[PDB]
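As structure tokens, the structure follows; a few thoughts come after it.
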Amino acid sequence: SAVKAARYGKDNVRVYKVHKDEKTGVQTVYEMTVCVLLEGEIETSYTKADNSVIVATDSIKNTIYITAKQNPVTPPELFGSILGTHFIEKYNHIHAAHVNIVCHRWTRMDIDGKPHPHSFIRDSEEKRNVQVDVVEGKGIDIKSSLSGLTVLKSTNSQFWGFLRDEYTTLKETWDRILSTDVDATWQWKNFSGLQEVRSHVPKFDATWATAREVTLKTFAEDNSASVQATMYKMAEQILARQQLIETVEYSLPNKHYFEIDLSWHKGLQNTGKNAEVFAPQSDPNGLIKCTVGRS
Amino acid sequence: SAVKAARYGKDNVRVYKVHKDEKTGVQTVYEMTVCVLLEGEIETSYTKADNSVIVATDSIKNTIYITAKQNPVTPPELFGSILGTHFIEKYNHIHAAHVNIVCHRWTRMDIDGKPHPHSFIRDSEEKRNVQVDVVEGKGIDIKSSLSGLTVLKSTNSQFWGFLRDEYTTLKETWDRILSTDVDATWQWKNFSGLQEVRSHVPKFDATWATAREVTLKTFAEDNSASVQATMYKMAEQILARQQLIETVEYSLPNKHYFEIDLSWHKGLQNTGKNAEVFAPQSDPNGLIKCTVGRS
Amino acid sequence: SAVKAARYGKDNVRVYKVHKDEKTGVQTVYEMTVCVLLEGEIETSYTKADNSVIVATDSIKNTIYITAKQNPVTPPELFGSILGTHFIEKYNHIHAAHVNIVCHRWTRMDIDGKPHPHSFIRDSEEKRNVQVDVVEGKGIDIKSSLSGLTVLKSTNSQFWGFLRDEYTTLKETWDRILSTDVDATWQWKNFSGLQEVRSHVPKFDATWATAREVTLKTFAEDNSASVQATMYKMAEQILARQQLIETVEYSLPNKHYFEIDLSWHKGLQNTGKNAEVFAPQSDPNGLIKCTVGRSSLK
Amino acid sequence: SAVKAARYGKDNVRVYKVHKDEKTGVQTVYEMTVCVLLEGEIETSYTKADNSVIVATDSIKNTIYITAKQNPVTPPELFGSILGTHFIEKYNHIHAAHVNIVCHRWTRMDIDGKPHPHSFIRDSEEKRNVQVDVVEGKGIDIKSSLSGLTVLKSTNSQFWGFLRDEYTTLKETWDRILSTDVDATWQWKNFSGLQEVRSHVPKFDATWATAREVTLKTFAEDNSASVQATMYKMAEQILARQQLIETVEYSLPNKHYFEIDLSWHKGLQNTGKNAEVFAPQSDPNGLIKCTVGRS
Ligand SMILES: O=c1cc[nH]c(=O)[nH]1
Ligand SMILES: O=c1cc[nH]c(=O)[nH]1
Ligand SMILES: O=c1cc[nH]c(=O)[nH]1
Ligand SMILES: O=c1cc[nH]c(=O)[nH]1
């Protein structure tokens with residue numbers, strides 16, 4: 001037998017960093033959960049229980065704390081680059097570092113219409129993430145994304161014209177509720193190394209912002225009979241607005257809301273045009289995915 | 001042996017209701033999870049396996065759907081009252097109904113600066129709930145509350161002057177991070193029945209909005225060395241701003257952020273006045289509670 | 001305005017303790033989650049921001065570790081009592097201590113038929129808990145319980161003869177699936193103090209064992225048309241087997257498994273006597289509760 | 001822009017199936033959660049909102065129920081294969097089917113030392129899963145696995161001899177607690193079609209059983225100072241005991257238990273040789289992985 005693959009590292013490293021502006025007195029907070037996995041000439045730890053080739057996970061944790069102390073933790077795309085680069089550069093037997101960052105929301109509070117200098121609210125469970133893969137002599141690969149975005153539109157969504165056979169029972173419809181969680185990932189073009197990445201820093205937040213906006217607006221405005229069709233529209237726009245992205249990927253799990261027939265009770269009318277009360281379903285759920293790249 | 005207590009019913013009934021303005025076109029959505037537990041002359045179902053006295057849990061379900069169909073589901077306090085009352089009135093052997101209602105956020109989206117007619121976002125996992133106890137001959141007891149509000153303030157909190165003994169290792173502090181989930185409950189004065197409730201409808205949404213604003217503002221503005229002191233101030237204002245409320249209750253589960261000493265590494269300074277990076281702690285956590293009523 | 005109530009403390013204190021037997025070389029582990037909430041003359045922390053009356057939550061933490069270090073952590077009823085007692089005894093202004101303990105399963109592993117000296121497996125998400133209320137000059141009240149016990153029986157469960165009216169659509173049945181989580185609490189007769197508690201130590205593990213056995217066996221054996229009727233039988237037996245218990249309380253959340261009509265497809269028969277494939281329902285669910293105590297009759 | 005990749009389907013389909021022995025009276029249950037994702041000539045749904053190429057997710061759900069009704073649902077490897085094969089055979093435009101199945105434990109109850117005919121207990125949150133890829137012309141790829149197996153050994157584990165630099169603070173140790181959730185997967189050698197699979201049916205349950213036993217035994221018995229080392233030994237034995245397996249893959253998320261220094265209190269001894277009470281850490285946690293194959 002032989003080791004075909006191997007990674008090890010620290011997961012769920014919660015980090016919090018505050019930024020204070022001495023002048024204005026305004027404080028800004030950043031809180032993420034970090035995961036670093038190393039790859040390299042570490043087989044013998046597996047085959048001959050050799051720990052000499054092992055950088056302790058505990059130390060990988062220390063390293064995350066120290067790196068965050070001495071560098072900007074935002075955008076996450078930068079921080080992940082800086083961090084993964086450190087691993088390949090400081091150790092001769094480490095050849096690849098895979099950094100995953102999840103950024104949690106700490107929205108500044110508006111008290112009396114003015115933004116509070118140092119008070120935040122977790123205004124949603126939505127997350128902004130990055131998966132940075134820094135490989136030796138192969139550059140830096142960055143996948144950015146947003147996840148945990150939950151939306152619903154009460155109308156302006158239909159589903160008809162789908163295949164029908166002896167397994168079909170679903171009725172066609174020209175008005176329905178559409179609710180989903182959005183998971184949207186945009187892959188950047190390979191970067192040669194840290195410098196190239198620093199050069200593009202402003203593109204990061206911008207693109208995130210753009211991707212969010214596009215998703216929300218398109219979801220709201222599109223009156224479609226295809227979730228597939230809608231996602232694709234989203235993709236296109238993102239690709240159009242940022243040349244440095246190679247692919248865009250969308251995963252939408254479709255949360256269903258069923259009509260409740262109440263006719264059996266005093267001929268109560270609650271379906272079709274009369275539907276008012278529905279039963280949200282916890283499961284199962286449709287799942288639609290797609291990766292869209294350039295022609 | 002004897003039955004000293006007994007309740008049964010249906011839990012986790014998910015309900016969705018839409019409101020359509022034919023004129024303006026604007027739609028509005030309401031989603032909530034409902035639990036209804038009944039009390040009455042049911043012993044015999046326990047003692048002699050007699051099902052005759054049992055209104056099925058499935059029918060309690062149907063009832064919820066039917067009630068929602070034919071009544072306003074907002075405010076929650078009203079809906080809970082209508083629902084509870086239904087049970088004690090329609091059944092001779094049923095003498096108490098306990099209705100729990102958890103309301104989920106479906107905040108209308110702003111596209112391009114304008115509120116969208118029919119598109120919503122789950123803009124937070126915070127919930128607005130109500131526990132409504134409808135007891136025969138005793139009227140209607142309503143507990144209203146907000147939960148799942150998570151907040152953080154990077155400074156303007158201290159802790160010092162606490163009891164010190166042989167079990168004490170905590171160091172006193174004049175600048176610390178304060179984060180907590182907020183669970184706030186205000187109890188209304190007993191209502192005589194459905195009509196007295198209906199008469200007060202406007203106070204419900206109004207009080208909720210007050211309770212929340214007071215909480216947010218006081219948290220942000222108070223620079224205290226007592227979370228206890230802060231919670232108390234919150235209570236006072238709420239009781240002050242609304243005569244019909246008998247008690248206000250707060251439960252704050254603290255979330256600790258620890259300082260990380262990095263001095264062992266190149267004498268890096270990251271504590272006291274230099275603290276920048278902190279370690280968010282998943283557990284354990286402080287838990288402070290208190291019920292405040294009128295003098 | 002005035003403070004009508006007030007409790008503060010530390011929640012979610014995770015604790016693990018190992019016991020070694022130097023002779024046999026066998027090792028035993030205990031892991032629980034602990035919450036301690038204090039009550040007393042502390043109003044001033046709320047009204048006048050006075051921290052002098054506050055034992056810091058961090059110190060409540062240290063105290064749990066230290067107590068765990070110098071005392072048995074089992075049974076949890078004992079530990080909780082020792083722990084609660086400590087707070088009222090060491091502070092003059094603290095009059096009540098409420099300790100909640102959740103015990104986690106770390107079941108010894110059987111390797112090649114033989115119990116392993118030091119290896120364990122989390123063989124289930126069922127918990128054994130205790131709620132211990134130590135109030136000054138009012139003794140020690142103990143509520144013991146098991147939770148997170150999930151069971152299912154594929155048959156020998158019915159539901160018919162229930163009230164029918166204009167809200168009813170449920171069809172009567174003589175064979176159905178019964179699945180539930182079991183939450184069972186037995187409340188002990190008040191104890192004067194730590195001594196009384198120590199004197200009854202053996203009763204603890206035994207009653208827990210009994211409660212669990214009675215629940216499983218009754219559930220399995222009872223062919224009922226009432227979950228209520230089944231819970232009630234369980235209560236009785238527990239009460240019968242232990243005189244020091246004042247009340248038994250059961251809370252069973254009923255998880256439903258629907259029948260799936262497939263007749264629309266090639267006249268497929270999957271209902272009634274031919275039901276084989278069901279759709280388990282995540283929600284909603286029935287919830288049945290009841291507290292049973294001892295009769296005043298003779 | 002162009003559609004580089006696209007799948008869609010039904011997630012979280014809970015299915016329950018009972019087996020009744022008319023002779024013995026003994027019943028047996030099976031509960032699993034199923035996900036089916038289809039791949040094929042479906043681009044147009046994305047690009048031209050064409051639903052004619054879309055087999056409704058609902059119908060995929062109906063199919064799962066139907067298939068379960070007319071086929072064995074055990075071993076999952078088989079069911080998955082039958083299920084995925086159905087999709088590529090019945091639809092001309094569908095060329096891939098990806099079926100995921102999670103199996104929940106419903107262990108038979110021992111009442112008075114005798115196995116009960118129809119009573120079960122969820123005796124663990126440990127799962128047995130399968131991922132079955134059915135690609136037209138490419139055969140059937142099956143990954144089998146066990147997950148959610150949590151274990152802890154109080155002693156007979158050390159960690160010393162690992163790399164030490166300026167980022168290191170971890171002390172070496174000759175006795176330490178070792179706890180971890182185990183996620184173990186074994187990949188089968190490609191099968192040509194449903195028949196080849198049918199022909200190996202018995203190997204499925206047998207290998208699952210072996211994989212489990214090997215993992216428990218090795219974990220218990222191995223006195224190592226390398227989790228990497230231990231994992232490896234587990235994989236070797238699994239490969240050794242079953243020729244049809246191509247690779248075995250372990251993911252071990254290490255759960256830490258810290259020592260608690262209590263010396264500051266009346267010189268209490270609770271470290272090193274005297275360690276009795278420990279603080280289990282919720283996070284962060286080490287994570288070791290590795291894929292082992294044949295030399
Ligand atoms: O009691 C306590 C303990 C810690 N921090 C507070 O604000 N109060
Ligand atoms: O009341 C009820 C209703 C359904 N099923 C039960 O066991 N009890
Ligand atoms: O394929 C499908 C099925 C259901 N609903 C959609 O939007 N797409
Ligand atoms: O690197 C490490 C650290 C802790 N435990 C392991 O198995 N490996």
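Chain labels run A, B, ... following the order of the structure tokens; each chain numbers its residues from 1, and ligands are numbered from 1 in the order shown.
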Report chain B as a tab-separated table (two decimals) with C-alpha atoms, in the first residue's frame in the frame of chain D, after least-squares superposition over all C-alpha atoms paired in order.
chain	number	residue	atom	x	y	z
B	1	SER	CA	-20.87	33.04	-21.79
B	2	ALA	CA	-21.39	29.26	-21.74
B	3	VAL	CA	-22.59	26.51	-19.35
B	4	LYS	CA	-19.51	24.62	-18.28
B	5	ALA	CA	-21.38	22.38	-15.83
B	6	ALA	CA	-24.95	21.60	-14.69
B	7	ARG	CA	-26.70	19.23	-12.31
B	8	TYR	CA	-30.13	19.44	-10.71
B	9	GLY	CA	-32.34	17.06	-8.75
B	10	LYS	CA	-33.87	16.49	-5.31
B	11	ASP	CA	-32.12	16.52	-1.99
B	12	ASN	CA	-33.23	15.41	1.45
B	13	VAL	CA	-35.71	12.79	0.39
B	14	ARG	CA	-36.55	10.89	3.58
B	15	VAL	CA	-37.48	7.27	3.00
B	16	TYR	CA	-38.70	4.57	5.33
B	17	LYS	CA	-39.24	0.96	4.37
B	18	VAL	CA	-40.43	-1.99	6.43
B	19	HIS	CA	-39.88	-5.69	5.81
B	20	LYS	CA	-42.33	-8.15	7.33
B	21	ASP	CA	-41.57	-11.90	7.70
B	22	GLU	CA	-45.05	-13.53	7.62
B	23	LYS	CA	-43.63	-16.79	9.03
B	24	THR	CA	-41.55	-15.61	12.00
B	25	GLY	CA	-43.49	-12.37	12.49
B	26	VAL	CA	-40.22	-10.43	12.74
B	27	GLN	CA	-40.17	-6.93	11.23
B	28	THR	CA	-37.18	-5.00	9.93
B	29	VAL	CA	-36.94	-1.32	9.21
B	30	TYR	CA	-34.80	0.79	7.01
B	31	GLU	CA	-34.66	4.60	7.05
B	32	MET	CA	-32.48	6.69	4.80
B	33	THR	CA	-32.14	10.19	3.32
B	34	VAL	CA	-31.71	10.31	-0.42
B	35	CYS	CA	-30.29	12.85	-2.83
B	36	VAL	CA	-30.38	12.46	-6.62
B	37	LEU	CA	-28.76	14.85	-9.06
B	38	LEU	CA	-28.93	14.44	-12.83
B	39	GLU	CA	-26.63	15.51	-15.67
B	40	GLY	CA	-27.32	15.53	-19.41
B	41	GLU	CA	-28.54	17.51	-22.42
B	42	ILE	CA	-30.18	20.20	-20.32
B	43	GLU	CA	-28.24	23.41	-21.21
B	44	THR	CA	-31.27	24.91	-22.85
B	45	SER	CA	-33.18	25.11	-19.62
B	46	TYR	CA	-30.44	27.51	-18.51
B	47	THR	CA	-29.91	29.35	-21.77
B	48	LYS	CA	-33.32	29.50	-23.39
B	49	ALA	CA	-35.62	28.86	-20.42
B	50	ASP	CA	-36.61	25.59	-22.08
B	51	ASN	CA	-38.34	23.28	-19.57
B	52	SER	CA	-39.03	20.50	-22.07
B	53	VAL	CA	-35.71	18.88	-21.27
B	54	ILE	CA	-36.39	18.96	-17.54
B	55	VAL	CA	-37.65	15.97	-15.62
B	56	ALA	CA	-39.24	17.66	-12.59
B	57	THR	CA	-37.57	17.43	-9.21
B	58	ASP	CA	-40.95	16.37	-7.89
B	59	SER	CA	-40.95	13.40	-10.26
B	60	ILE	CA	-37.41	12.45	-9.18
B	61	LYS	CA	-38.97	12.30	-5.73
B	62	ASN	CA	-41.82	10.04	-6.86
B	63	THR	CA	-39.27	7.84	-8.61
B	64	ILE	CA	-37.36	7.33	-5.39
B	65	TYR	CA	-40.55	6.20	-3.61
B	66	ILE	CA	-41.53	3.95	-6.51
B	67	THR	CA	-38.09	2.40	-6.78
B	68	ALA	CA	-37.98	1.68	-3.04
B	69	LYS	CA	-41.41	0.09	-3.35
B	70	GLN	CA	-40.33	-2.33	-6.07
B	71	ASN	CA	-36.71	-3.06	-5.08
B	72	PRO	CA	-34.44	-3.97	-2.20
B	73	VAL	CA	-33.19	-0.88	-0.42
B	74	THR	CA	-30.33	-2.86	1.10
B	75	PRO	CA	-27.52	-2.79	0.77
B	76	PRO	CA	-27.37	0.90	0.05
B	77	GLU	CA	-24.82	0.31	-2.72
B	78	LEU	CA	-27.32	-1.81	-4.60
B	79	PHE	CA	-30.25	0.53	-4.14
B	80	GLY	CA	-28.13	3.47	-5.28
B	81	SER	CA	-27.09	1.58	-8.36
B	82	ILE	CA	-30.60	0.50	-9.32
B	83	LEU	CA	-31.86	4.09	-8.81
B	84	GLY	CA	-29.02	5.77	-10.74
B	85	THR	CA	-29.27	3.34	-13.64
B	86	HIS	CA	-33.01	3.94	-13.88
B	87	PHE	CA	-32.44	7.56	-14.73
B	88	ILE	CA	-29.91	7.04	-17.51
B	89	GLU	CA	-31.96	4.26	-19.04
B	90	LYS	CA	-35.39	5.87	-18.94
B	91	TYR	CA	-34.28	9.24	-20.40
B	92	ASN	CA	-32.40	9.77	-23.63
B	93	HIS	CA	-31.00	13.14	-22.65
B	94	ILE	CA	-29.91	12.11	-19.19
B	95	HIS	CA	-26.36	10.71	-19.22
B	96	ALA	CA	-25.25	10.78	-15.58
B	97	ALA	CA	-26.94	10.26	-12.26
B	98	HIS	CA	-25.41	10.91	-8.89
B	99	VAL	CA	-27.09	9.24	-5.95
B	100	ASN	CA	-26.29	10.01	-2.34
B	101	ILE	CA	-27.67	7.82	0.46
B	102	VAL	CA	-27.42	8.30	4.17
B	103	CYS	CA	-28.50	5.48	6.31
B	104	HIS	CA	-29.88	5.94	9.74
B	105	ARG	CA	-29.54	3.48	12.60
B	106	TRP	CA	-32.66	1.67	13.76
B	107	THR	CA	-31.13	-1.05	15.94
B	108	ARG	CA	-33.54	-3.76	17.19
B	109	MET	CA	-34.18	-3.58	20.95
B	110	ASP	CA	-33.29	-6.40	23.32
B	111	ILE	CA	-36.08	-6.76	25.89
B	112	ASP	CA	-35.31	-9.14	28.74
B	113	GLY	CA	-32.45	-10.56	26.69
B	114	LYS	CA	-34.48	-11.38	23.62
B	115	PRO	CA	-34.52	-9.40	20.40
B	116	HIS	CA	-37.84	-7.72	19.92
B	117	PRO	CA	-39.77	-8.50	16.74
B	118	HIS	CA	-40.69	-4.94	15.96
B	119	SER	CA	-39.14	-2.38	18.28
B	120	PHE	CA	-36.09	-0.26	17.50
B	121	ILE	CA	-33.81	2.28	19.05
B	122	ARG	CA	-31.64	4.93	17.42
B	123	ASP	CA	-28.55	3.62	19.11
B	124	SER	CA	-26.20	6.19	17.66
B	125	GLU	CA	-25.85	9.14	15.36
B	126	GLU	CA	-23.23	7.32	13.29
B	127	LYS	CA	-24.24	6.90	9.64
B	128	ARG	CA	-23.52	4.50	6.78
B	129	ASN	CA	-23.51	6.22	3.45
B	130	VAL	CA	-22.92	5.62	-0.25
B	131	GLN	CA	-22.25	7.91	-3.21
B	132	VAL	CA	-22.99	6.16	-6.44
B	133	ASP	CA	-22.11	7.81	-9.72
B	134	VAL	CA	-23.80	6.27	-12.74
B	135	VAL	CA	-22.34	7.63	-15.97
B	136	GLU	CA	-23.51	6.52	-19.43
B	137	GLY	CA	-20.97	4.23	-21.11
B	138	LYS	CA	-18.67	4.60	-18.13
B	139	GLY	CA	-20.27	2.09	-15.74
B	140	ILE	CA	-20.94	2.50	-11.99
B	141	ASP	CA	-18.65	4.24	-9.47
B	142	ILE	CA	-19.41	3.57	-5.78
B	143	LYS	CA	-17.89	5.28	-2.74
B	144	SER	CA	-19.01	3.69	0.51
B	145	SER	CA	-18.44	5.09	3.96
B	146	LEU	CA	-19.13	5.35	7.62
B	147	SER	CA	-19.30	8.71	9.40
B	148	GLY	CA	-20.20	10.22	12.74
B	149	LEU	CA	-18.30	7.63	14.72
B	150	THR	CA	-16.98	9.46	17.80
B	151	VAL	CA	-14.34	7.82	19.94
B	152	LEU	CA	-12.05	8.57	22.89
B	153	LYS	CA	-9.13	6.86	24.55
B	154	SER	CA	-7.97	8.16	27.94
B	155	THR	CA	-4.33	7.14	27.49
B	156	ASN	CA	-1.97	5.23	25.20
B	157	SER	CA	-1.41	8.14	22.87
B	158	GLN	CA	1.52	10.53	22.75
B	159	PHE	CA	2.81	13.43	20.76
B	160	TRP	CA	6.47	14.31	20.68
B	161	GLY	CA	9.23	14.76	18.14
B	162	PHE	CA	7.37	17.30	16.00
B	163	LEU	CA	9.05	20.27	14.27
B	164	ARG	CA	9.89	23.13	16.64
B	165	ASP	CA	10.41	26.73	15.65
B	166	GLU	CA	9.58	30.28	16.67
B	167	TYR	CA	5.90	29.57	16.16
B	168	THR	CA	5.97	26.54	18.51
B	169	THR	CA	4.65	26.64	22.07
B	170	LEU	CA	3.24	23.07	22.31
B	171	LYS	CA	4.87	20.88	24.91
B	172	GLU	CA	5.83	17.31	24.03
B	173	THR	CA	3.86	14.55	25.74
B	174	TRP	CA	4.07	10.88	26.56
B	175	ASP	CA	0.51	10.48	27.80
B	176	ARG	CA	-2.47	12.31	26.38
B	177	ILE	CA	-6.18	11.83	25.65
B	178	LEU	CA	-7.06	11.07	22.02
B	179	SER	CA	-10.63	11.76	20.80
B	180	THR	CA	-11.91	12.15	17.24
B	181	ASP	CA	-14.87	11.75	14.95
B	182	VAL	CA	-14.11	9.12	12.28
B	183	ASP	CA	-14.97	9.55	8.67
B	184	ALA	CA	-13.92	6.53	6.61
B	185	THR	CA	-14.48	6.04	2.84
B	186	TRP	CA	-13.57	3.08	0.73
B	187	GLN	CA	-13.78	3.31	-3.10
B	188	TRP	CA	-14.80	0.27	-5.13
B	189	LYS	CA	-13.32	-0.69	-8.45
B	190	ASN	CA	-15.48	0.46	-11.36
B	191	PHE	CA	-18.39	-1.86	-12.11
B	192	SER	CA	-19.52	-2.31	-15.74
B	193	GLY	CA	-23.17	-2.01	-14.77
B	194	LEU	CA	-26.11	-3.29	-12.69
B	195	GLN	CA	-25.31	-7.00	-13.18
B	196	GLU	CA	-21.73	-6.77	-11.97
B	197	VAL	CA	-23.02	-4.93	-8.91
B	198	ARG	CA	-25.70	-7.55	-8.22
B	199	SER	CA	-23.07	-10.21	-8.45
B	200	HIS	CA	-21.12	-8.59	-5.59
B	201	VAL	CA	-23.96	-7.81	-3.21
B	202	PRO	CA	-22.55	-9.90	-0.32
B	203	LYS	CA	-19.27	-7.97	-0.27
B	204	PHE	CA	-21.02	-4.72	0.60
B	205	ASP	CA	-22.39	-5.33	4.13
B	206	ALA	CA	-19.31	-7.47	4.77
B	207	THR	CA	-16.85	-4.76	3.89
B	208	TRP	CA	-18.74	-2.15	5.94
B	209	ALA	CA	-18.58	-4.39	8.96
B	210	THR	CA	-14.87	-4.98	8.35
B	211	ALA	CA	-14.07	-1.29	7.84
B	212	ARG	CA	-15.79	-0.48	11.13
B	213	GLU	CA	-14.23	-3.32	13.18
B	214	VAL	CA	-10.75	-2.51	11.87
B	215	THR	CA	-11.24	1.14	12.80
B	216	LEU	CA	-12.52	0.44	16.29
B	217	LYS	CA	-9.90	-2.22	17.09
B	218	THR	CA	-6.91	-0.32	15.69
B	219	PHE	CA	-7.86	2.85	17.40
B	220	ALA	CA	-8.21	1.02	20.76
B	221	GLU	CA	-5.09	-1.13	20.41
B	222	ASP	CA	-2.62	1.19	18.73
B	223	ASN	CA	-0.36	3.06	21.16
B	224	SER	CA	1.11	5.57	18.75
B	225	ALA	CA	2.57	9.06	18.73
B	226	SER	CA	1.16	9.60	15.21
B	227	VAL	CA	-2.59	9.83	14.50
B	228	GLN	CA	-1.31	9.72	10.91
B	229	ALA	CA	0.45	6.44	11.59
B	230	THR	CA	-2.71	5.02	13.09
B	231	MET	CA	-4.98	6.06	10.24
B	232	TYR	CA	-2.52	4.50	7.86
B	233	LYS	CA	-2.52	1.12	9.58
B	234	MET	CA	-6.32	1.20	9.37
B	235	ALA	CA	-6.21	1.75	5.65
B	236	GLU	CA	-3.77	-1.08	5.01
B	237	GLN	CA	-5.89	-3.69	6.76
B	238	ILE	CA	-9.05	-2.67	4.90
B	239	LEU	CA	-7.23	-2.78	1.54
B	240	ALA	CA	-5.76	-6.14	2.57
B	241	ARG	CA	-9.08	-7.66	3.57
B	242	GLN	CA	-10.87	-6.70	0.32
B	243	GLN	CA	-9.42	-6.83	-3.17
B	244	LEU	CA	-12.28	-5.01	-4.90
B	245	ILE	CA	-11.55	-1.74	-3.05
B	246	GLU	CA	-9.19	0.60	-4.90
B	247	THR	CA	-8.63	3.38	-2.30
B	248	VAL	CA	-9.33	3.94	1.40
B	249	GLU	CA	-9.72	7.46	2.78
B	250	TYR	CA	-9.79	8.65	6.34
B	251	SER	CA	-10.62	12.10	7.72
B	252	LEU	CA	-10.17	12.49	11.49
B	253	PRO	CA	-11.13	15.80	13.12
B	254	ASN	CA	-9.32	15.76	16.49
B	255	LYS	CA	-11.11	16.84	19.64
B	256	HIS	CA	-8.77	18.43	22.19
B	257	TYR	CA	-8.98	18.00	25.98
B	258	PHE	CA	-6.82	20.56	27.82
B	259	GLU	CA	-5.13	20.18	31.15
B	260	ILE	CA	-6.35	22.61	33.84
B	261	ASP	CA	-3.62	23.94	36.19
B	262	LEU	CA	-5.19	24.33	39.62
B	263	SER	CA	-1.93	24.87	41.49
B	264	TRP	CA	-2.89	28.52	42.06
B	265	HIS	CA	-5.48	27.19	44.46
B	266	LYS	CA	-4.04	25.64	47.57
B	267	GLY	CA	-1.30	24.16	45.39
B	268	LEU	CA	-3.82	21.69	44.04
B	269	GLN	CA	-2.04	19.20	41.75
B	270	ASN	CA	-3.89	18.54	38.46
B	271	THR	CA	-1.31	18.39	35.68
B	272	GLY	CA	1.11	15.83	34.34
B	273	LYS	CA	0.86	12.60	36.29
B	274	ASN	CA	-1.82	14.15	38.47
B	275	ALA	CA	-4.15	15.35	35.77
B	276	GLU	CA	-7.71	14.17	36.59
B	277	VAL	CA	-9.97	17.02	35.46
B	278	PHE	CA	-9.74	18.33	31.92
B	279	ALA	CA	-11.34	20.99	29.82
B	280	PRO	CA	-12.92	19.60	26.63
B	281	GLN	CA	-12.46	22.14	23.82
B	282	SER	CA	-15.18	22.88	21.32
B	283	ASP	CA	-12.70	24.43	18.92
B	284	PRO	CA	-10.49	24.81	17.17
B	285	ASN	CA	-9.51	21.30	16.22
B	286	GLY	CA	-6.87	19.34	14.39
B	287	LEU	CA	-7.88	17.80	11.09
B	288	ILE	CA	-5.88	14.95	9.55
B	289	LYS	CA	-6.67	13.38	6.17
B	290	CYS	CA	-5.11	10.85	3.85
B	291	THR	CA	-6.01	8.64	0.89
B	292	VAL	CA	-4.30	5.28	0.74
B	293	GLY	CA	-4.26	3.14	-2.40
B	294	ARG	CA	-2.37	0.03	-3.63
B	295	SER	CA	1.37	0.05	-4.31
Could you tell me, as a PyMOL selection string, which residues of region 40-233 of chain D DSSP assigns to helix (DSSP H, G or I) when given the backbone?
chain D and resi 43-47+51-53+57-69+76-90+194-221+227-233
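Taking CA of residue 137 (chain C) and CA of residue 84 (chain C) as the two end points, the separation is 13.2 Å.
Near chain A, counting only C-alpha atoms at 7 Å, the chain C residues are residues 166, 167, 265 and 282 of chain C.
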What does the structure give for the distance between CA of residue 180 (chain C) and CA of residue 155 (chain C), in Å to one decimal?
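Value for the CA of residue 180 (chain C)-CA of residue 155 (chain C) distance: 13.7 Å.
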Measure the distance from CA of residue 119 (chain C) to CA of residue 32 (chain C) in Å and round it to one decimal.
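CA of residue 32 (chain C) lies at a distance of 17.6 Å from CA of residue 119 (chain C).
With only C-alpha atoms and all ligand atoms as the atoms that count, the minimum distance from ligand 1 to the choices C:131, C:44, C:218, C:59 is reached by C:59.
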Option closest in space to ligand 2, from C:253, C:80, C:25, C:72 [counting only C-alpha atoms and all ligand atoms]
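Smallest distance to ligand 2 is found for C:253.
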Apply DSSP to the backbone of this structure and, from region 110-185 of chain C, keep only the residues in strand (DSSP E or B); write these as a PyMOL selection string.
chain C and resi 110-111+114-121+127-135+139-153+157+159+163+173+178-185
